[PDB]
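**Student:** What shape does this take:
(chains A, B, C, D, E, F and G, ligands or ions: 2)
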Amino acid sequence: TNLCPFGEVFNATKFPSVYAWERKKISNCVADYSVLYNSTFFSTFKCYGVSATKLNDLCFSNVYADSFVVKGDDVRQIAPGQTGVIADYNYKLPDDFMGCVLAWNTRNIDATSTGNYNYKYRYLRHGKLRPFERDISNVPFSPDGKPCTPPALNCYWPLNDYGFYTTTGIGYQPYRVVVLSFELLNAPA
Amino acid sequence: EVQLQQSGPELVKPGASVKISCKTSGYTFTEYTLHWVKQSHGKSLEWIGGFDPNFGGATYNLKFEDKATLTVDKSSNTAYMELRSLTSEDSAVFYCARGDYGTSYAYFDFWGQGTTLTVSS
Amino acid sequence: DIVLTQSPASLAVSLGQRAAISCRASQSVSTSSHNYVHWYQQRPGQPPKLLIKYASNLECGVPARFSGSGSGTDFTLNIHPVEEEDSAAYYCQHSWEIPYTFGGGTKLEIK
Amino acid sequence: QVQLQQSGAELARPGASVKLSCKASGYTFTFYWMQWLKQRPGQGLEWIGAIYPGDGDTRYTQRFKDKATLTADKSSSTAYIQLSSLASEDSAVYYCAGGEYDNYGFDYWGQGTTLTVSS
Amino acid sequence: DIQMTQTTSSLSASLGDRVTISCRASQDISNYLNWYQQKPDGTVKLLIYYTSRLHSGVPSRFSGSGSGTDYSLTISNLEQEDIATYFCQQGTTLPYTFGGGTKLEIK
Amino acid sequence: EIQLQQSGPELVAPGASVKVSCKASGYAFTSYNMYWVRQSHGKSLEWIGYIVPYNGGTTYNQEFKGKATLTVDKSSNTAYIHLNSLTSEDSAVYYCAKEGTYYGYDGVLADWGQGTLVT
Amino acid sequence: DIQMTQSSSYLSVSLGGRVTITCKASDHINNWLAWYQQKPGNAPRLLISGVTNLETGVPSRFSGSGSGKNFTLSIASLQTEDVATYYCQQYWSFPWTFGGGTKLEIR
Ligand SMILES: *[C@@H]1O[C@H](CO)[C@@H](O[C@@H]2O[C@H](CO)[C@@H](O)[C@H](O)[C@H]2NC(C)=O)[C@H](O)[C@H]1NC(C)=O
Ligand SMILES: *[C@@H]1O[C@H](CO)[C@@H](O[C@@H]2O[C@H](CO)[C@@H](O)[C@H](O)[C@H]2NC(C)=O)[C@H](O)[C@H]1NC(C)=O
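**Tutor:** Residues are numbered from 1 along each chain as shown, chains lettered A, B, ... in the order given. Ligands and ions are numbered 1, 2, ... in the order given. Structure data below:
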């Protein structure tokens, strides 16, 4: 009677880039959990903490659905642990997690023949970031702390572009991601 | 040549919708996208929202998310911009601009003649 | 979102000198590879037209007198040879985030 | 850096209502919760209620169910608790606090405003 | 509601020694405890967020430990700057609750 | 290339305990899992469990709850299985496997070792 | 413990023919299946991830089919290498049970 808005966040037309991932809280509905069981559409579908039979248990306090776009080589970093250029600078999952990580290949949409330069990823930042904390600030990095303005002496801009094409391999093709996170915590539904 | 055109201009009194069209010609329609802008008689431009004919969906600016919707017929290669709840501030030009391939658009290279709305009584 | 301010408001130039329209951004726009700002001129009563893509590259079908500059927050448009036809409104456009806003707009008047 | 600027001191009169504040700047406000804590003078903190400013979802405790009503505005990046039906007992210190992952503690804390009810 | 009982409400210690603050829970909180510092100005900051020593931007003289239902944090060598009140917070189950706190002062 | 290799062939009298390694080389070992399947001579394939490398958390099929204790050594990228209370009827090859580098599902194995053998 | 069995352990089709291997399911698996292949003396290799997505780096004769409970796999025509056994595996429950196998020996 009230189907949850999985039909908005999964089938969207522009996922945000991984430095500026969004989040849509979903509550007070009924979750279908049966249209995302196609095994040749998605790729990963790996879940920690709970099994992949979530149609029965109503882990339904809230479900936070983050979503971004990563390169094919580093969709493995969307996982607990996993030190790397994506996962300790852009989106750090905590060590415990009841979350569900889903991903899928989108060479058809997000990659062109001339070259996509619209998705970004922050690659160089002062230290690690904690679980679930994002950064959107684009100020130029300098390894001393004091600020620069590049192209001056050995201090660059803290972002890069994925550079998506349609001629490259699998590992450089875009993978759209959506990360659920069940947060049961003794609430009403 | 790249041929973009809209329909004729129209005036509608406040409280009624309007369906602007944009017919295109000169390229394969499913490759490139279409976008729309608005500029109110001496002010600056602003981006309304684009359509992906290949993927099927549509994206919007958050400032225009309610009053405008986008709808495309793929065979006739016409996009149907449509507004509702028109007031005096929705009285401006309306261009039908062409971007790049889906979810990679950065510059609207080729444009159309543009239609003007004037709410009246 | 991101708002673009323009300076000067109405710059008047003559044929022997150059015109400098300065489009300053709110936050930083550039990455290490590209610079995400594109330009547009608009002759009156007519739709706009692309001049510069990605702040340095000029389009095909240009009179080769339009070339941009700047990286970071500061961006500008250079017209070193000036003649009669480029008396129009000139617009800035950023591509950093999904909502794209356009700039304010300056005019060019010749004595 | 991330700071939670909070309101200054206030004075009130019994039977009235006070609209407090908690300004959040430096991190994204629409994505995470925001908890409200009340400290009696010389006792431990107690959890009043939490608000998710993405759509105004709110979770109160059992004691403070009818005294406090929480609301927040997205564009101002502020949260509002409005204490209601004030008696002489509510003279305390009110902390606003919030963080990214709520299992791993409330990281960001306000300065802590105080409130009194006299004549 | 889970209640947590800091049995000691005050403490006295020297400088440079090793002090220890205990905190018990009513039911097994399944290792979701975290320690808070309240300096006497009014500002409150976090020290450790998981039980066993997961630090968040703090000098390493604080090193909490303890598992199950009985927990404690400790300072290896004291300093004159961190004489404050220390709270243990429960985070297993909403509604969250806090401890009574132990006040610190020189010997 | 992704190169996994176990130890040499093994042999033991019943009632004893065996340890056999599986050295991983050619990728980042803290990323993928390490699976362990069992295969008797000319028979089907039967599971033992899996092990996450960075965390050390394990999960066993309940056939082998008191027979195998999985462990791992993150320093030199070597995974182990420590067979305990072993008897006959265990005479089988023991493969160590991991998931595909671009698939991402749990049970799908796409990179196998050579194979040990026990008596 | 969900189960996946095959009908025949032996199936003999001559070279250049057309084979059909089938694996039934005990309970319901949505769409999640995998196929394997091992010549004796080696380790098995992944063949068909999902029901009909071929693994990259294989001949394109194979194509799985079927949904619901019943599942199958067809080869276009045999060669000198496709004389090995084939395991049908699900990955929908926890114990990812394989099949009984099916050997294709030349008649
Ligand atoms: C996204 O779009 C797909 C279609 O491309 C949706 O899948 C359909 O779901 C409806 C309702 O259950 C079915 O009737 C269709 O047969 C499905 N089509 C296919 C091809 O699977 C999907 O539900 C949408 N939303 C999500 C959550 O991904
Ligand atoms: C699961 O997803 C796959 C891939 O999106 C679907 O297979 C596609 O189906 C459409 C419509 O029949 C075809 O036009 C495509 O060519 C198919 N692609 C592939 C890779 O085969 C499949 O139908 C979906 N299944 C379910 C359960 O909806």
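**Student:** Contacts only, for the residue of chain G found nearest chain D.
**Tutor:** Nearest residue of chain G to chain D: residue G:94, at 25.9 Å (CB to the nearest CB). Backbone N, C-alpha and C define where each C-beta goes, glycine included. Residue G:94 sits next to A:51, F:59 when contact means CB atoms under 8 Å, 6 or more residues apart in numbering or on different chains.
**Student:** Let's see that with 6 Å instead.
**Tutor:** Contact criterion CB atoms under 6 Å, 6 or more residues apart in numbering or on different chains gives no residues in contact with residue G:94.
**Student:** Chain A against chain E: which residues are in contact?
**Tutor:** Within chain A, the residues that sit near chain E (CB under 6 Å from any CB of the partner chain) are A:185-186.
**Student:** ok, and the closest non-adjacent residue to the residue in chain G that ligand 2 sits nearest to?
**Tutor:** Closest contact between chain G and ligand 2, by CB to the nearest ligand atom, is at residue G:31 (5.8 Å). Take residue G:31 and drop its neighbours on the chain: the residue closest to it by CB to CB, 6 or more residues apart in numbering or on different chains is residue A:39, 4.0 Å away.
**Student:** gap between the one you found and chain E?
**Tutor:** Note on residue A:39: its distance to chain E, by CB to the nearest CB, to the nearest Å, is 34 Å.
**Student:** in what helix or strand does that residue lie?
**Tutor:** Taking DSSP states H and E as the definition, residue A:39 sits outside all helices and strands.
**Student:** From what I see, it and residue G:29 are in contact.
**Tutor:** No. The pair residue A:39 / residue G:29 is not scored as a contact, 9.3 Å apart, by CB atoms under 6 Å.
**Student:** ok, and the closest non-adjacent residue to residue A:32?
**Tutor:** In space, residue A:32 is closest to residue A:3, 6.0 Å off (CB to CB, 6+ apart).
**Student:** what's across from that neighbour in the sheet?
**Tutor:** For residue A:3, the beta-bridge partners are residue A:30 (DSSP bridges).
**Student:** Please report phi then psi for the residue most central in space within chain F.
**Tutor:** Among the residues of chain F, the one closest to the centroid is residue F:36, at 3.3 Å (CA atoms, centre = their mean). Per-residue torsions, residue F:36: phi -150, psi 110 (degrees, to the nearest 10).
**Student:** Identify the residue spatially nearest to it, adjacent ones excluded.
**Tutor:** Nearest in space to residue F:36, with sequence neighbours left out and distances taken as CB to CB, 6+ apart, is residue F:48 at 4.2 Å.
**Student:** so how many other residues sit close to the one you found?
**Tutor:** Here the number of neighbours of residue F:48 (other CB atoms under 10 Å in any protein chain shown) works out to 22.
**Student:** which SSE is residue A:7 in?
**Tutor:** Residue A:7 belongs to helix A:6-9, assigned by DSSP H and E.
**Student:** Next: residue C:108.
**Tutor:** Using DSSP H and E, the element containing residue C:108 is strand C:106-109.
**Student:** So that strand, near chain B or not?
**Tutor:** No. Using CB under 6 Å from any CB, strand C:106-109 stays clear of chain B, with a minimum separation of 11.0 Å.
**Student:** what's that strand packed up against?
**Tutor:** strand C:10-12 (3 or more CB pairs under 6 Å, 6 or more residues apart in numbering or on different chains; DSSP states H and E).
**Student:** Just checking the next helix or strand after the strand it packs on against chain A, any contact.
**Tutor:** The helix or strand immediately downstream of strand C:10-12 is strand C:19-25, counting by DSSP H and E. No. Figure legend: strand C:19-25 not in contact with chain A (CB under 6 Å from any CB); closest approach 10.6 Å.
**Student:** Which positions within strand C:19-25 qualify as buried?
**Tutor:** Under the neighbour-count criterion of 16 or more other CB atoms under 10 Å in any protein chain shown, strand C:19-25 has C:19, C:21-25 buried.
**Student:** Redo the residues you listed as a markdown table? Include distance to chain F.
**Tutor:** Below are the buried residues of strand C:19-25 laid out as a markdown table (distance: CB to the nearest CB, whole Å):
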| residue | distance to chain F |
| --- | --- |
| C:19 | 53 |
| C:21 | 48 |
| C:22 | 47 |
| C:23 | 43 |
| C:24 | 43 |
| C:25 | 38 |
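**Student:** Among those, which pair sits farthest apart?
**Tutor:** Maximum pairwise distance in these, criterion CB to CB, is 19.9 Å, between C:19 and C:25.
**Student:** The closest residue to ligand 1 within chain E: what's it in contact with?
**Tutor:** Residue nearest to ligand 1 within chain E: residue E:94 (29.1 Å; CB to the nearest ligand atom). For residue E:94, the contact set (CB under 6 Å, 6+ apart) comprises A:185-186.
**Student:** Going along the chain, name the strands of chain D.
**Tutor:** Listed in chain order, the strands of chain D (DSSP state E) span residues D:3-6, D:18-19, D:22-25, D:35-39, D:45-52, D:57-60, D:68-73, D:78-83, D:93-98, D:108-109, D:113-114.
**Student:** Pick the most deeply packed of those strands.
**Tutor:** The highest mean neighbour count among these, using mean count of other CB atoms under 10 Å in any protein chain shown, belongs to strand D:93-98: a mean of 24.
**Student:** Just give me the neighbour total for residue 72.
**Tutor:** No chain specified, so I'll use chain A. With other CB under 10 Å as criterion, residue A:72 counts 21.
**Student:** other chain: chain G
**Tutor:** Neighbourhood size, residue G:72 [other CB under 10 Å]: 15.
**Student:** contacting residues for it?
**Tutor:** G:22, G:65-66.
**Student:** Am I right that it is in a strand?
**Tutor:** Yes. Under DSSP: H, G, I helix; E, B strand; the rest coil, residue G:72 sits within a strand.
**Student:** Identify the bridge partners of it.
**Tutor:** Beta bridges link residue G:72 to residue G:22, residue G:65, judged by DSSP bridges.
**Student:** quick one: it and residue A:35, what's the gap?
**Tutor:** 25 Å (CB to CB, to the nearest Å).
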